[PDB]
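Numbering-wise, PDB author numbering puts 90 at position 90 of the sequence shown, and it's gapless, one number per residue.
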Amino acid sequence: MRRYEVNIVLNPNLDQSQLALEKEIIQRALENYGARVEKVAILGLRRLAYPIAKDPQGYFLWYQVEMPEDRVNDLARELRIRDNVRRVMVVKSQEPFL
């Protein structure tokens, strides 16, 4: 088990209903890949470093989790498979929230 920060960017054109579905799917994936979710943050809309899928903006989600390092890649791949997921970036926690 290692602590990571999971950064997810979603299609900025989703309605709160579709948004919720994606979050629920993300939650299931985290649990399925052995992650313990310690903190979740809904950051919202931000302008991307560069447009993805013709969209200059993205809806940001953040999670601090503890999970097996041998499952992180698989998790990221699982999340990226979603058509509405624009980007997935997992980084090792450097300054974890208590």
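We put the beta carbon where it would ideally sit given N, CA and C, even for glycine.
Could you have a look at residue i and say whether DSSP puts it in helix, strand or coil?
i, result
"residue 163", "Here the chain covers residues 1 to 98 and nothing more, so residue 163 does not appear."
"residue 7", "strand"
"residue 29", "helix"
"residue 20", "helix"
"residue 41", "strand"
"residue 99", "Residue 99 lies beyond the residue range present for the chain, which begins at 1 and ends at 98; the question has no answer from this structure."
Return the CA-CA distance between residue i and residue j, expressed in angstroms with no decimal places.
i, j, result
"residue 42", "residue 62", "6 Å"
"residue 52", "residue 98", "33 Å"
"residue 108", "residue 45", "The requested residue 108 does not occur in the structure, where the chain is confined to residues 1 to 98."
"residue 69", "residue 75", "10 Å"
"residue 4", "residue 71", "12 Å"
"residue 96", "residue 49", "25 Å"
"residue 66", "residue 86", "23 Å"
"residue 6", "residue 14", "20 Å"
"residue 73", "residue 18", "25 Å"
"residue 28", "residue 94", "25 Å"
"residue 2", "residue 21", "27 Å"
Please state whether the Cβ-Cβ distance between residue i and residue j is less than 7 Å.
i, j, result
"residue 64", "residue 23", "no"
"residue 79", "residue 88", "yes"
"residue 84", "residue 10", "yes"
Practice task
Pair every Cβ in the region 27 to 38 with every Cβ in the region 48 to 60, then say whether three or more of these pairs are closer than 8 Å.
Solution key: no
Handout entry: Ranges of the beta strand (DSSP E) found wholly within the region 43 to 87, counting only runs of at least 3
Key = 55 to 67
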